[PDB]
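Undergrad: Next one to model:
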Amino acid sequence: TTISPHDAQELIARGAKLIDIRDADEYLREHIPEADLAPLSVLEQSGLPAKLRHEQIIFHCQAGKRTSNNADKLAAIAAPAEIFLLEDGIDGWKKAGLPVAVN
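TA: Numbers count the residues shown, from 1 in each chain. Find the structure here:
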């Protein structure tokens, strides 16, 4: 399931984890302040660490592509949580007028 930036905000206000699956260089250039960084490649190797587990987990990437194309991997990595993909990624978050942190 995809989730709008505004609906994601409401879930984050109730403790949902927002996980940025991009690389550190991308994150450092521009990220969502509420997000926790966990690059997809690291998640594929060693799994989701316990500190990033929650009843609700929202993954995001740049523009929706990496989340859409790895939906089955992400579904397993965060199981058995309720899992969402941020619609249009951080680009979507920006377009909705929600805050980002730029280097």
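
Undergrad: Test of understanding: give the bridge partners of the most centrally placed residue in the chain.
TA: Compute the mean C-alpha point of the chain, and by CA atoms, centre = their mean the closest residue is residue 59, 2.6 Å away. Beta bridges link residue 59 to residue 19, residue 85 when assigned by DSSP bridges.

Undergrad: give me the number of residues near residue 15?
TA: Residues near residue 15, counting by other CB atoms under 10 Å, number 9. From N, CA and C alone the C-beta is placed, and that goes for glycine too.

Undergrad: show me what contacts it?
TA: 54-56 (CB atoms under 8 Å, 6 or more residues apart in numbering).

Undergrad: sec struct for it, please.
TA: coil (DSSP: H, G, I helix; E, B strand; the rest coil).

Undergrad: Phi and psi next, for it.
TA: Per-residue torsions, residue 15: phi 100, psi 0 (degrees, to the nearest 10).

Undergrad: try the one 10 residues further on
TA: Listed backbone geometry of residue 25 is phi -60, psi -40, with angles given as degrees, to the nearest 10.

Undergrad: Also the one 5 residues further on?
TA: When read as degrees, to the nearest 10, the backbone of residue 30 gives phi -170, psi 130.

Undergrad: For it, list each beta-bridge partner.
TA: Counting by DSSP bridges, residue 30 is bridged to residue 102.

Undergrad: Now do the strands in the protein.
TA: For the chain, the strands defined by DSSP state E cover 2-3, 17-20, 30-31, 36-37, 56-60, 82-86, 101-102.
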